[PDB]
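Presented below is the structure to which this report refers.
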Amino acid sequence: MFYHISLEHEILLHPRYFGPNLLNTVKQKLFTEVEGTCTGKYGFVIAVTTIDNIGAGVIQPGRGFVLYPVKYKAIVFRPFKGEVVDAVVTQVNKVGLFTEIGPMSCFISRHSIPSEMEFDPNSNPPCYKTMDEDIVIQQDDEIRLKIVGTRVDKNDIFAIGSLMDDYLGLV
Amino acid sequence: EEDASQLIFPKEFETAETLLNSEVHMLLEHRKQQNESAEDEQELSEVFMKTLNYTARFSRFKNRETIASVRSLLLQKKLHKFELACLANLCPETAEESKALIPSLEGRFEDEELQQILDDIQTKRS
Amino acid sequence: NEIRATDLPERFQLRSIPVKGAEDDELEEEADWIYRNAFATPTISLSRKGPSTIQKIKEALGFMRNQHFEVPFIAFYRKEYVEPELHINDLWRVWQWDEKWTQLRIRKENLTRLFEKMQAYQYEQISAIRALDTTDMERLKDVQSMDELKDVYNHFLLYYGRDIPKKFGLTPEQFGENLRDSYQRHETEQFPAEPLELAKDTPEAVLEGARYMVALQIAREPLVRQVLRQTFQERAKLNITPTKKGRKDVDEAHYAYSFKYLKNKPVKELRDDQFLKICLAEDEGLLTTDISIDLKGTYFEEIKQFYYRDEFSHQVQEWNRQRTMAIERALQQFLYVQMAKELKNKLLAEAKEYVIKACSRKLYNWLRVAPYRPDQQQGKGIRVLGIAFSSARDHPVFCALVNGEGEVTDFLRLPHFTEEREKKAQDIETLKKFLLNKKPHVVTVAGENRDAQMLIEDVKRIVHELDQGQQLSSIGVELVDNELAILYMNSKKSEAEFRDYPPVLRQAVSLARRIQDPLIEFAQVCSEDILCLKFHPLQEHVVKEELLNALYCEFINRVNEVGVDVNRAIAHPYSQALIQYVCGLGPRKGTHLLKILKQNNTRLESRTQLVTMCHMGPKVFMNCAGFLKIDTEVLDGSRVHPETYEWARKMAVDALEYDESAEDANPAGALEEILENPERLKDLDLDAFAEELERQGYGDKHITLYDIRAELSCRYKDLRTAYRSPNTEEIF
RNA sequence: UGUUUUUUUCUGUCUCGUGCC
């Protein structure tokens with residue numbers, strides 16, 4: 001779930017970047033460093049909206065590299081356990097369902113799915129229906145789910161869904 | 001221990017600012033509009049494109065004034081910040097569905113008091 | 001156990017997976033579905049005619065359902081019931097049509113049941129814009145319309161509501177009929193009311209409330225899908241034009257970049273020409289694609305007049321404006337996007353079909369077994385001298401002299417080559433020593449570049465000048481392209497045959513085997529092994545499952561036409577494992593039969609070896625009677641099955657004019673003299689044989705008479721091609 | 001209508017005596 005918080009970071013700037021475009025160069029380096037990455041503390045970062053201020057560059061002793069502890073106002077996406085969101089189904093397989101929560105892909109197994117939703121391997125598009133064939137769930141459909149677990153695979157978040165609670169399907 | 005169902009989060013995340021699907025959608029759209037201009041600039045990555053096409057399929061309302069109105073009519077209540085995002089994004093039909101999906105609403109408020117809010121949210125949708 | 005000890009053959013069970021057999025009533029439906037879906041866009045099976053083709057498909061499906069018939073089993077054994085050699089893709093096409101018909105029938109039954117349940121629920125709820133359960137019957141009956149039926153069912157589900165507890169403009173049916181007929185029979189809501197009055201009776205205070213409902217009704221209507229379906233799919237002049245970035249990125253490599261301003265490409269170029277579809281798909285993947293019919297601007301204008309009022313005096317004008325707005329909303333919802341998606345799906349299907357056809361053609365061209373045996377038929381076969389050199393630049397070139405019985409006799413190396421900058425005698429001496437070491441029957445040299453060709457020519461000249469082909473005569477070294485031997489050298493068979501050998505020896509062995517028995521090599525490979533050889537670049541864009549199925553069907557047909565040697569797959573590893581692509585003898589059944597033969601030590605005594613020893617079931621024996629062959633009864637090693645053995649013996653006796661007394665083995669004149677050469681052909685009449693088969697036998701022998709005569713005259717006939725010598729372009 | 005080579009920072013112990021700024 002997306003949020004807007006204030007973060008901090010420092011980047012070393014090589015002395016070749018000194019000049020009238022110092023602040024512009026610092027901003028450009030900041031943009032291509034903290035966009036799209038992920039951390040286990042704050043979660044996955046989408047992008048940066050604006051920068052608060054530029055700190056005082058403390059030149060290191062014996063080294064021309066100077067660090068700028070910049071504080072930027074960026075957004076972050078850190079889903080937690082128990083949250084309910086609305087995602088889209090990407091692929092339907094007998095092992096389980098595949099979805100895509102923005103910068104995440106979760107996964108629901110057949111055990112989580114109730115017994116009413118059977119398999120349709122005979123039909124060309126992998127789909128799940130009921131006995132009466134009234135409700136149909138397939139790919140490219142806005143299907144909800146519940147985040148019952150979380151995981152970070154070395155700055156690569158991958159949660160797990162569930163389909164036990166009622167009112168989880170077509171709106 | 002981290003479970004949003006029981007309204008618990010780390011200290012850093014407790015002081016965060018909630019965002020709605022339409023809000024993040026328009027923020028990313030404006031960022032794309034700014035970045036596409038000013039040639040000789042590093043183009044967007046696949047993360048930006050996937051987030052855009054993910055948030056564009058759940059934009060209940062395009063007008064920014066709709067976002068302002070729906071946040072203003074909701075902040076007047078005594079619900080926490082976490083209850084401002086999920087309830088305004090999912091837009092459930094009846095109060096029973098909202099209470100079932102979010103266990104925090106069970107016993108926190110009356111039935112008609114939440115049904116009227118859900119009806120207002122549904123009407124605010126474009 | 002179910003695959004090997006099953007009542008029905010493996011091929012029959014595998015073909016009719018979705019539809020487990022065909023019933024008497026379902027056979028006609030399956031045949032009709034196959035005929036309707038046989039060739040819609042391109043011309044296929046137009047050979048068999050419309051009604052004749054439909055009858056043949058129905059007969060083949062009925063035979064497959066009853067006797068567990070298969071593709072080759074029904075194509076050859078049922079030549080009368082199906083197209084009599086109309087095309088190679090006869091049994092496989094019939095099986096695919098039957099499976100499609102069964103799947104369509106099952107889907108229609110499910111849709112009808114769902115519609116009936118929904119109608120019952122609506123009657124229970126509202127019976128205690130209405131909700132009527134009348135479209136369920138139409139959906140159930142609409143078996144041919146798969147996509148249209150699914151769209152209609154989804155629209156009905158979304159309109160009625162789909163909930164399972166446990167007056168605005170023209171009507172949808174009238175609008176659909178007016179659009180389909182091209183004349184607006186029904187106008188909009190011809191009433192004095194306008195959108196101002198209709199937007200107050202929901203609670204929105206906006207005039208667009210009814211437009212959304214009208215658009216939802218129009219999009220979720222089977223009639224609209226049927227009217228729009230095939231309007232642009234039938235003809236769509238896709239204009240190929242690279243974009244700003246596509247022009248430089250494609251570099252004229254894809255369909256959307258080859259023609260800078262080459263537009264107006266109709267459905268023929270994409271469907272019939274699979275290369276164009278593959279190029280469009282590849283270009284449309286990353287950079288961009290130019291796929292636009294550009295014919296709507298005039299197809300969408302005619303619909304605008306229909307469903308709208310003609311007068312304009314407030315009530316009439318308001319009704320016309322509301323109808324136009326509703327039509328525009330419906331078109332924006334599921335009018336342009338639906339047509340574009342249908343066109344894209346049709347283009348993808350055409351590209352996949354073209355790729356599959358190209359793969360099948362390549363498999364047919366490269367799979368025909370055309371070895372180069374002695375005299376183009378001392379000892380059985382010829383000694384293939386597989387010479388697979390690495391460089392011919394002072395490096396050891398593999399040269400194996402394998403025999404004609406699917407085995408390698410010996411080999412040797414030739415490190416000396418023309419290494420030495422100026423040495424024109426060391427290579428000649430090495431070649432002479434290698435030729436004198438053994439007595440090969442033919443030379444199979446490979447090639448990689450000009451140097452390899454020069455080395456091969458020098459070796460051939462040295463062999464011919466000094467009579468090094470056999471040590472007593474000149475042997476012509478037949479050129480062999482390094483295409484199959486290189487792949488077969490590093491295969492499972494190559495590794496098993498020789499483990500502590502260099503790759504040159506394996507390549508030489510593979511080249512020798514490929515020029516002695518291509519069928520043995522094809523049957524003794526995983527089919528993995530077949531997928532290694534690329535049939536065409538367009539096959540990659542299309543699904544590889546269709547290409548694999550086509551290759552498997554072609555291999556099975558070739559094996560059935562050429563037959564399988566029972567004794568060849570008993571002790572010789574080279575000619576073993578050839579019971580996987582038989583008509584009715586699946587891979588599991590073939591493996592079980594091979595294991596039983598290896599354990600019990602049973603040989604190919606006759607055609608009834610698997611029926612008498614209890615190794616194969618009656619259905620398996622009947623379906624695989626025309627593919628199993630033995631070394632020795634007289635008609636065992638041929639296409640004559642046990643059912644036609646008596647007829648074949650009687651025909652041979654009549655042709656030879658010999659005595660008739662229990663002719664199975666004892667009288668050898670009509671059998672041996674007839675097999676040696678044609679004794680008498682005018683004695684056996686087609687009409688008399690057909691009458692005898694009809695009176696006694698329960699089947700006409702008009703088409704099977706020629707096959708029986710050929711089997712009696714020639715046993716173990718090979719369906720492979722002849723030895724194809726490399727050409728100039730082919731050699732290069 | 002041809003032309004033979006590619007591997008690299010090692011490393012040593014504890015004790016005593018003598019001479020020099």
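Ligands are numbered from 1 in the order shown, residues from 1 within each chain, and chains are lettered A, B, ... in the order they appear in the structure tokens.
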
Mind running chain C against chain A at 9 Å and telling me each contacting residue's nearest atom pair with the distance in Å (one decimal), counting only C-alpha atoms, chain and number ascending, as JSON lines?
{"residue": "C:17", "atom": "CA", "partner": "A:122", "partner_atom": "CA", "distance": 8.9}
{"residue": "C:18", "atom": "CA", "partner": "A:122", "partner_atom": "CA", "distance": 6.4}
{"residue": "C:103", "atom": "CA", "partner": "A:122", "partner_atom": "CA", "distance": 7.6}
{"residue": "C:107", "atom": "CA", "partner": "A:123", "partner_atom": "CA", "distance": 8.8}
{"residue": "C:110", "atom": "CA", "partner": "A:133", "partner_atom": "CA", "distance": 7.1}
{"residue": "C:111", "atom": "CA", "partner": "A:133", "partner_atom": "CA", "distance": 7.2}
{"residue": "C:113", "atom": "CA", "partner": "A:132", "partner_atom": "CA", "distance": 6.8}
{"residue": "C:114", "atom": "CA", "partner": "A:132", "partner_atom": "CA", "distance": 4.9}
{"residue": "C:115", "atom": "CA", "partner": "A:134", "partner_atom": "CA", "distance": 8.5}
{"residue": "C:117", "atom": "CA", "partner": "A:132", "partner_atom": "CA", "distance": 7.0}
{"residue": "C:118", "atom": "CA", "partner": "A:134", "partner_atom": "CA", "distance": 7.9}
{"residue": "C:154", "atom": "CA", "partner": "A:136", "partner_atom": "CA", "distance": 8.7}
{"residue": "C:157", "atom": "CA", "partner": "A:134", "partner_atom": "CA", "distance": 7.0}
{"residue": "C:162", "atom": "CA", "partner": "A:134", "partner_atom": "CA", "distance": 6.3}
{"residue": "C:163", "atom": "CA", "partner": "A:134", "partner_atom": "CA", "distance": 8.4}
{"residue": "C:164", "atom": "CA", "partner": "A:134", "partner_atom": "CA", "distance": 8.1}

Give me a file of those residues, with N, CA, C and O atoms, as an mmCIF file, in the first residue's frame.
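Now in out-v4.cif:
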data_model
loop_
_atom_site.group_PDB
_atom_site.id
_atom_site.type_symbol
_atom_site.label_atom_id
_atom_site.label_comp_id
_atom_site.auth_asym_id
_atom_site.auth_seq_id
_atom_site.Cartn_x
_atom_site.Cartn_y
_atom_site.Cartn_z
ATOM 1 N N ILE C 17 -9.070 -37.452 -26.288
ATOM 2 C CA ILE C 17 -8.907 -37.149 -24.868
ATOM 3 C C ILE C 17 -10.149 -36.429 -24.353
ATOM 4 O O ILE C 17 -10.850 -36.957 -23.478
ATOM 5 N N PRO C 18 -10.448 -35.222 -24.849
ATOM 6 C CA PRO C 18 -11.668 -34.531 -24.393
ATOM 7 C C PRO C 18 -12.940 -35.332 -24.610
ATOM 8 O O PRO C 18 -13.828 -35.319 -23.749
ATOM 9 N N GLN C 103 -15.735 -31.097 -27.850
ATOM 10 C CA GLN C 103 -15.544 -29.979 -26.932
ATOM 11 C C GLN C 103 -16.646 -28.939 -27.090
ATOM 12 O O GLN C 103 -17.155 -28.404 -26.096
ATOM 13 N N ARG C 107 -19.294 -27.818 -24.203
ATOM 14 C CA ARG C 107 -19.456 -26.418 -23.827
ATOM 15 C C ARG C 107 -20.898 -25.960 -24.005
ATOM 16 O O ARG C 107 -21.433 -25.228 -23.164
ATOM 17 N N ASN C 110 -22.968 -27.383 -21.158
ATOM 18 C CA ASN C 110 -22.728 -26.639 -19.926
ATOM 19 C C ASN C 110 -23.422 -25.282 -19.956
ATOM 20 O O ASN C 110 -24.023 -24.859 -18.959
ATOM 21 N N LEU C 111 -23.351 -24.585 -21.093
ATOM 22 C CA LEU C 111 -24.009 -23.289 -21.216
ATOM 23 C C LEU C 111 -25.522 -23.423 -21.095
ATOM 24 O O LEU C 111 -26.178 -22.587 -20.464
ATOM 25 N N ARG C 113 -27.157 -25.797 -19.455
ATOM 26 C CA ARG C 113 -27.459 -26.080 -18.055
ATOM 27 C C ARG C 113 -27.384 -24.814 -17.210
ATOM 28 O O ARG C 113 -28.244 -24.577 -16.351
ATOM 29 N N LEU C 114 -26.361 -23.987 -17.441
ATOM 30 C CA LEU C 114 -26.240 -22.735 -16.699
ATOM 31 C C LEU C 114 -27.407 -21.801 -16.993
ATOM 32 O O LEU C 114 -27.941 -21.157 -16.081
ATOM 33 N N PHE C 115 -27.812 -21.708 -18.262
ATOM 34 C CA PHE C 115 -28.943 -20.860 -18.622
ATOM 35 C C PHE C 115 -30.231 -21.356 -17.979
ATOM 36 O O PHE C 115 -31.042 -20.555 -17.502
ATOM 37 N N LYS C 117 -30.468 -23.089 -15.168
ATOM 38 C CA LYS C 117 -30.382 -22.794 -13.742
ATOM 39 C C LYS C 117 -30.656 -21.320 -13.464
ATOM 40 O O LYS C 117 -31.366 -20.982 -12.510
ATOM 41 N N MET C 118 -30.098 -20.429 -14.289
ATOM 42 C CA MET C 118 -30.332 -19.000 -14.104
ATOM 43 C C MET C 118 -31.797 -18.646 -14.320
ATOM 44 O O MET C 118 -32.364 -17.835 -13.577
ATOM 45 N N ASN C 154 -21.523 -14.412 -21.497
ATOM 46 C CA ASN C 154 -20.973 -13.434 -20.565
ATOM 47 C C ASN C 154 -21.849 -12.190 -20.487
ATOM 48 O O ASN C 154 -22.067 -11.641 -19.400
ATOM 49 N N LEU C 157 -24.851 -13.053 -18.427
ATOM 50 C CA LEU C 157 -24.497 -13.113 -17.012
ATOM 51 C C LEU C 157 -24.355 -11.717 -16.420
ATOM 52 O O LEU C 157 -24.813 -11.460 -15.300
ATOM 53 N N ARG C 162 -25.937 -12.229 -12.401
ATOM 54 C CA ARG C 162 -25.056 -13.331 -12.027
ATOM 55 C C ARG C 162 -25.103 -13.664 -10.538
ATOM 56 O O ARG C 162 -24.398 -14.587 -10.110
ATOM 57 N N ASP C 163 -25.895 -12.952 -9.740
ATOM 58 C CA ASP C 163 -25.934 -13.200 -8.305
ATOM 59 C C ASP C 163 -26.491 -14.588 -8.017
ATOM 60 O O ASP C 163 -27.478 -15.020 -8.620
ATOM 61 N N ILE C 164 -25.853 -15.285 -7.082
ATOM 62 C CA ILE C 164 -26.244 -16.645 -6.720
ATOM 63 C C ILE C 164 -26.434 -16.731 -5.210
ATOM 64 O O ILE C 164 -25.499 -17.116 -4.492
#

field: Long-range neighbours of segment 27-40 of chain A as a count of residues only, 8 Å cut-off, only C-alpha atoms (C1' of nucleotides), 2 positions minimum in chain
entry: 16

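With atom CA of residue 289 of chain C on one side and atom CA of residue 260 of chain C on the other, the separation reads 12.0 Å.
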
- prompt: If we count only C-alpha atoms (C1' of nucleotides), what is near segment 99-104 of chain B at a cut-off of 10 Å, once residues fewer than 6 positions away on the same chain are taken out, given as a list in words?
  reply: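 The residues that qualify are residues 82, 83, 84, 145, 146, 165, 166, 167 and 168 of chain A; 4, 5, 6, 7, 79, 83, 86, 87, 90, 92, 111 and 114 of chain B.
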
Distance of atom CA of residue 120 of chain B from atom CA of residue 106 of chain B, expressed in Å to one decimal place: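 Rounded to one decimal, the two atoms are 20.0 Å apart.
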
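For chain C, the residues having at least one atom no farther than 12 Å from chain B, when counting only C-alpha atoms, are residues 202, 203, 204, 205, 206, 208, 209 and 212 of chain C.
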
Wanna dump the chain B-chain A contacts at 10 Å for me, each residue with its shortest atom pair and the distance in Å to one decimal, counting only C-alpha atoms, ordered by chain and number, as JSON lines?
{"residue": "B:1", "atom": "CA", "partner": "A:81", "partner_atom": "CA", "distance": 9.0}
{"residue": "B:2", "atom": "CA", "partner": "A:81", "partner_atom": "CA", "distance": 6.4}
{"residue": "B:3", "atom": "CA", "partner": "A:81", "partner_atom": "CA", "distance": 4.7}
{"residue": "B:4", "atom": "CA", "partner": "A:82", "partner_atom": "CA", "distance": 5.2}
{"residue": "B:5", "atom": "CA", "partner": "A:82", "partner_atom": "CA", "distance": 5.0}
{"residue": "B:6", "atom": "CA", "partner": "A:82", "partner_atom": "CA", "distance": 8.3}
{"residue": "B:7", "atom": "CA", "partner": "A:82", "partner_atom": "CA", "distance": 9.6}
{"residue": "B:8", "atom": "CA", "partner": "A:80", "partner_atom": "CA", "distance": 9.8}
{"residue": "B:9", "atom": "CA", "partner": "A:80", "partner_atom": "CA", "distance": 8.5}
{"residue": "B:10", "atom": "CA", "partner": "A:41", "partner_atom": "CA", "distance": 9.6}
{"residue": "B:12", "atom": "CA", "partner": "A:42", "partner_atom": "CA", "distance": 8.2}
{"residue": "B:13", "atom": "CA", "partner": "A:42", "partner_atom": "CA", "distance": 7.7}
{"residue": "B:15", "atom": "CA", "partner": "A:5", "partner_atom": "CA", "distance": 8.2}
{"residue": "B:16", "atom": "CA", "partner": "A:5", "partner_atom": "CA", "distance": 5.6}
{"residue": "B:17", "atom": "CA", "partner": "A:4", "partner_atom": "CA", "distance": 5.1}
{"residue": "B:18", "atom": "CA", "partner": "A:3", "partner_atom": "CA", "distance": 5.1}
{"residue": "B:19", "atom": "CA", "partner": "A:3", "partner_atom": "CA", "distance": 5.4}
{"residue": "B:20", "atom": "CA", "partner": "A:2", "partner_atom": "CA", "distance": 7.6}
{"residue": "B:21", "atom": "CA", "partner": "A:2", "partner_atom": "CA", "distance": 8.3}
{"residue": "B:23", "atom": "CA", "partner": "A:2", "partner_atom": "CA", "distance": 9.8}
{"residue": "B:24", "atom": "CA", "partner": "A:2", "partner_atom": "CA", "distance": 7.6}
{"residue": "B:27", "atom": "CA", "partner": "A:49", "partner_atom": "CA", "distance": 8.0}
{"residue": "B:28", "atom": "CA", "partner": "A:47", "partner_atom": "CA", "distance": 8.4}
{"residue": "B:30", "atom": "CA", "partner": "A:49", "partner_atom": "CA", "distance": 9.8}
{"residue": "B:31", "atom": "CA", "partner": "A:49", "partner_atom": "CA", "distance": 7.6}
{"residue": "B:41", "atom": "CA", "partner": "A:28", "partner_atom": "CA", "distance": 9.5}
{"residue": "B:42", "atom": "CA", "partner": "A:32", "partner_atom": "CA", "distance": 8.6}
{"residue": "B:45", "atom": "CA", "partner": "A:36", "partner_atom": "CA", "distance": 8.3}
{"residue": "B:46", "atom": "CA", "partner": "A:36", "partner_atom": "CA", "distance": 9.2}
{"residue": "B:47", "atom": "CA", "partner": "A:36", "partner_atom": "CA", "distance": 6.5}
{"residue": "B:48", "atom": "CA", "partner": "A:46", "partner_atom": "CA", "distance": 7.3}
{"residue": "B:49", "atom": "CA", "partner": "A:102", "partner_atom": "CA", "distance": 9.9}
{"residue": "B:50", "atom": "CA", "partner": "A:102", "partner_atom": "CA", "distance": 6.6}
{"residue": "B:51", "atom": "CA", "partner": "A:102", "partner_atom": "CA", "distance": 5.2}
{"residue": "B:52", "atom": "CA", "partner": "A:102", "partner_atom": "CA", "distance": 8.5}
{"residue": "B:53", "atom": "CA", "partner": "A:102", "partner_atom": "CA", "distance": 8.5}
{"residue": "B:54", "atom": "CA", "partner": "A:102", "partner_atom": "CA", "distance": 5.5}
{"residue": "B:55", "atom": "CA", "partner": "A:102", "partner_atom": "CA", "distance": 7.5}
{"residue": "B:57", "atom": "CA", "partner": "A:142", "partner_atom": "CA", "distance": 8.2}
{"residue": "B:58", "atom": "CA", "partner": "A:86", "partner_atom": "CA", "distance": 8.0}
{"residue": "B:82", "atom": "CA", "partner": "A:83", "partner_atom": "CA", "distance": 9.6}
{"residue": "B:85", "atom": "CA", "partner": "A:1", "partner_atom": "CA", "distance": 8.3}
{"residue": "B:86", "atom": "CA", "partner": "A:84", "partner_atom": "CA", "distance": 7.1}
{"residue": "B:87", "atom": "CA", "partner": "A:84", "partner_atom": "CA", "distance": 9.6}
{"residue": "B:89", "atom": "CA", "partner": "A:85", "partner_atom": "CA", "distance": 8.2}
{"residue": "B:90", "atom": "CA", "partner": "A:86", "partner_atom": "CA", "distance": 7.1}
{"residue": "B:91", "atom": "CA", "partner": "A:171", "partner_atom": "CA", "distance": 9.4}
{"residue": "B:92", "atom": "CA", "partner": "A:171", "partner_atom": "CA", "distance": 8.3}
{"residue": "B:93", "atom": "CA", "partner": "A:171", "partner_atom": "CA", "distance": 8.7}
{"residue": "B:96", "atom": "CA", "partner": "A:167", "partner_atom": "CA", "distance": 9.9}
{"residue": "B:97", "atom": "CA", "partner": "A:167", "partner_atom": "CA", "distance": 6.7}
{"residue": "B:98", "atom": "CA", "partner": "A:167", "partner_atom": "CA", "distance": 9.3}
{"residue": "B:100", "atom": "CA", "partner": "A:166", "partner_atom": "CA", "distance": 7.5}
{"residue": "B:101", "atom": "CA", "partner": "A:84", "partner_atom": "CA", "distance": 7.2}
{"residue": "B:102", "atom": "CA", "partner": "A:84", "partner_atom": "CA", "distance": 7.8}
{"residue": "B:103", "atom": "CA", "partner": "A:82", "partner_atom": "CA", "distance": 9.5}

- prompt: What's the 12 Å shell around residue 3 of chain D, counting only C-alpha atoms (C1' of nucleotides), without same-chain residues fewer than 2 positions away, as a ChimeraX atom specification?
  reply: /C:393,419-422

Limited to N, CA, C and O atoms, could you put the picked residues into a file as a PDB file, in the first residue's frame?
ATOM      1  N   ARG C 393      42.912 -29.978 -41.898  1.00  0.00           N
ATOM      2  CA  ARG C 393      44.030 -29.040 -41.861  1.00  0.00           C
ATOM      3  C   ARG C 393      45.121 -29.589 -40.942  1.00  0.00           C
ATOM      4  O   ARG C 393      45.657 -28.894 -40.079  1.00  0.00           O
ATOM      5  N   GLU C 419      48.417 -28.146 -40.551  1.00  0.00           N
ATOM      6  CA  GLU C 419      49.379 -29.242 -40.526  1.00  0.00           C
ATOM      7  C   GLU C 419      50.650 -28.870 -41.280  1.00  0.00           C
ATOM      8  O   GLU C 419      51.518 -28.176 -40.750  1.00  0.00           O
ATOM      9  N   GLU C 420      50.753 -29.335 -42.521  1.00  0.00           N
ATOM     10  CA  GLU C 420      51.902 -29.067 -43.376  1.00  0.00           C
ATOM     11  C   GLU C 420      51.488 -28.086 -44.464  1.00  0.00           C
ATOM     12  O   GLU C 420      50.471 -28.289 -45.135  1.00  0.00           O
ATOM     13  N   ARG C 421      52.276 -27.020 -44.628  1.00  0.00           N
ATOM     14  CA  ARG C 421      51.960 -26.013 -45.637  1.00  0.00           C
ATOM     15  C   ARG C 421      52.036 -26.593 -47.043  1.00  0.00           C
ATOM     16  O   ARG C 421      51.168 -26.322 -47.882  1.00  0.00           O
ATOM     17  N   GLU C 422      53.064 -27.394 -47.322  1.00  0.00           N
ATOM     18  CA  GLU C 422      53.267 -28.004 -48.638  1.00  0.00           C
ATOM     19  C   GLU C 422      53.450 -29.507 -48.443  1.00  0.00           C
ATOM     20  O   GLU C 422      54.577 -29.994 -48.326  1.00  0.00           O
TER      21      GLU C 422
END

- prompt: Which one of D:7, D:18, D:1, D:13 sits closest to chain C if you count only C-alpha atoms (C1' of nucleotides)?
  reply: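 The shortest atom-to-atom distance to chain C comes from D:1.
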
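Using only C-alpha atoms (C1' of nucleotides), the protein and nucleic acid residues lying no more than 6 Å from segment 313-315 of chain C, apart from those fewer than 5 places from it along its own chain, are residues 191, 192 and 193 of chain C.
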
message: Among segment 32-124 of chain B, which residues does DSSP mark as alpha helix (DSSP H) when it is run on the backbone? Keep the chain and numbering as in the structure and answer as a PyMOL selection string.
response: chain B and resi 32-36+46-55+64-75+82-90+95-101+111-124

field: Secondary structure check, strand (DSSP E) residues of segment 16-116 of chain A, as a VMD selection string
entry: chain A and resid 38 to 39 43 to 53 58 to 59 66 to 77 84 to 92 96 to 100 107 to 109

- line: Among C:528, C:636, C:546, C:707, residue 565 of chain C is approached most closely, using only C-alpha atoms, by C:636

task: Could you check how far atom CA of residue 299 of chain C sits from atom CA of residue 234 of chain C, in Å to one decimal?
output: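 The value is 13.5 Å.
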